[PDB]
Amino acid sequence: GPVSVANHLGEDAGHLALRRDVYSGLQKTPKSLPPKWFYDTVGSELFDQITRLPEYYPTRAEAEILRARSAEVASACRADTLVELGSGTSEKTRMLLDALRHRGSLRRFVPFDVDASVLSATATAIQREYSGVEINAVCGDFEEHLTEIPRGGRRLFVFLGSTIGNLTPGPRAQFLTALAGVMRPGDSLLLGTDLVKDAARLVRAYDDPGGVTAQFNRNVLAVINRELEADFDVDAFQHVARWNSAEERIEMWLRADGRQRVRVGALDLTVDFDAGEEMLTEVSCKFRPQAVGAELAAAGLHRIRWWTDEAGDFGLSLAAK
């Protein structure tokens, strides 16, 4: 079937976004950086490695649920269109496409993400693997472009991996409200959320002993050095994963080993790190089952299915507009 890729991001959008995120985040107290910048080519291969670590249970936990429940997802939502908020590159994408195809209802695949080159490769791959399916890839961001997702048919929106945990409660409610606003009655959302559990298991999932996650975290400094002509001493920053018991969220920090003075040339900006000062690079909010249903309802959606894996480590919600 035919492929389309519609690009709503200017060629310079990513660079300007990085400039302003860094300019603002390095002047906060504490300093912080959005986690979107982990995912350059190096960071993405490091993330792929993380998903295979025994300590990082979310990937396999969600896959276990999806292998058991994708058929029920397909029959409950009756969708003819799969909208992925993501790049379409995973085995989980195929699990869901296969389930819709097995019902004979798969007409359209809409991968929605910020990298047109990844989206292009996905569209080609899906076109080869799924005859009779139209692929309408959309290059855009959550803030501006959810309305650019093609209309019509009965759409299952998918946002897996507990990526929604990267949004603190305020922005998370704003995002779910915006998403539900582009959803039509009869459309569905399948949402993955990692669950509150033993704090040590949570910290261990974000600090594997071989230091893959540590490398992934520090890599945001390499990205800033390379893209904005900065001089972070990348090795003088230590990876710290913290469980925030009050907000029930994992936090990833980078901790300065000794005082540091960093000049970001492309921004004409100098910042200081005190010895032992920590900079926040990612929050990973963890959820309770009832609370996810309540957040969906607050956005105008109605949860009709909740599933966990056999250990209760991870949850999937199916919600209808």
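Numbering starts at 1 and runs along the sequence shown.
Stretches 156 to 164 and 217 to 225 differ in mean C-alpha B factor, with the higher average recorded for 217 to 225. In this entry, 195 to 203 shows the higher mean Cα temperature factor of the pair 195 to 203 and 72 to 80. Taking only the listed residues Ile50, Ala61, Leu296, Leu267, the entry reports the highest CA temperature factor at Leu267.
Residue-level inspection of the entry shows that, of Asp187, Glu134, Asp98, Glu91, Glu91 has the top Cα B-factor.
The entry lists a Cα temperature factor for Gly86 that places it in the lowest third of the chain's modelled residues. For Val262, the recorded CA temperature factor ranks within the highest third of the chain's modelled residues. When the CA B factors of the chain's modelled residues are split into thirds, the value for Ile65 lands in the lowest one.
Sorting the modelled residues of the chain by their CA temperature factor places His15 in the highest third. Per-chain ranking of the deposited C-alpha B factor places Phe175 in the lowest third.
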